[PDB]
């Protein structure tokens, strides 16, 4: 199914990434997500809740991404986490009516905007 395929992509993905469901559960976090963020033997949820400003930002972005903006690119830009600035894309995928939400973390300097 979609979840298995997305997991396979993300686990071969060379930056931190994770998959969530509509309930806030972290379904899967890739190796680099663990190595970047989960270095206190802590759960992804505990990590998230410890990052006040980021949690507040990504919570709203994630709701916008999966409820409204399936055809818009949803980014949280230039957020400081774990001694670096990140930019995070948030995208939802449907399996039937089940939303599967992807967070992909990029170095903020590795995301470039440019007109046509």
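Residue numbers count along the first chain shown, from 1.
Between 76 to 84 and 54 to 62, it is 76 to 84 that carries the larger average Cα temperature factor according to the deposited entry. Relative to one another, 16 to 24 and 92 to 100 have unequal mean CA B-factors, and 92 to 100 is the one with the higher figure.
Among all modelled residues in its chain, residue 39 ranks in the highest third by Cα B-factor.
In the deposited entry, the Cα temperature factor of residue 109 sits in the top third of values across the chain's modelled residues.
Sort the chain's modelled residues by C-alpha temperature factor and residue 2 lands in the highest third, per the entry.
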